[PDB]
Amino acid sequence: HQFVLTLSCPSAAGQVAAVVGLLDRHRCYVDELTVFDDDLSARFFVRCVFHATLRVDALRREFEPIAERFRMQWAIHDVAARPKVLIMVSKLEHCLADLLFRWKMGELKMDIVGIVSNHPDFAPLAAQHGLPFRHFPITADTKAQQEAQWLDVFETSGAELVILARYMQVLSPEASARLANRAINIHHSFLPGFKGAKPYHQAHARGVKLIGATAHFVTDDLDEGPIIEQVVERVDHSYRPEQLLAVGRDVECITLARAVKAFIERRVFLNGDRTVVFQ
């Protein structure tokens, strides 16, 4: 019966001794351990998976004063608990279908509390998987009201993460602030970047040899919130624009799944405007 401790704090003497000292005090066998010290942000990170050899509740309570002393933000999760997630989607199926398959097959150990959309298109996909589907359409005069609707479902469902599986509506500053660091977005990426209409036609025109994607945390910042994962795939001159699009969508699937997996396995930490991701 395992548990995973994660924590970050300002780097300071005695932090490791305090943490391992506690684990030892409560006779915890350490199944996994990973530590990282960022001398530039002056921040320390720990992920520890362990199990007892009554003891875990005592460890949790005694962790409080250590956390206060070092100003640590931390969490201890039951590894058997499946994090609750809400998946948002529009009219593009690929990321949603990919996540549901990885979930079906046991790769992503999470509880999908629901699938929410501005379109009705994937009601049957949600049904084929026994998952609740909520359709909240948007009109010109109801953008703030529609957001409140799905943000309400987010709160009442107990979800701790919102996965934007190619949800195509721009989130308001207030939505983004409210979901800051508890929502993961996915989009395509190019080297060099292409902005504006028909980016895959631009990428074809420029004859790029790589197509990519980036998964990041949603924040209420001027630019994209913190990067979690980036992946690229090699292409060549024989790829028409529609074939580049196909590669991009595939890379979005892998990229999103990696990000989501790292979040639900407690391997992703915020480090200012960037992330720490443990393998």
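Start at 1 and count along the sequence shown; that's the residue number.
- Per the record, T53 and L54 are separated by 4 to 9 deposited residues that have no coordinates.
- Looking at mean Cα B-factors across 54 to 62 and 236 to 244, the upper value is held by 54 to 62.
- Taking the PDB entry as given, 142 to 150 carries the higher mean Cα B factor of the two stretches 197 to 205 and 142 to 150.
- The entry lists a Cα temperature factor for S172 that places it in the highest third of the chain's modelled residues.
- Among all modelled residues in this chain, the alpha-carbon of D111 has a temperature factor (C-alpha) in the middle third.
- Remark: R69 belongs to the middle third of its chain, ranked by C-alpha B-factor as recorded.
- Per the deposited record, the Cα B-factor of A42 falls in the middle third when ranked against the other modelled residues of its chain.
- Split the chain's modelled residues into thirds by C-alpha temperature factor. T156 is in the highest one.
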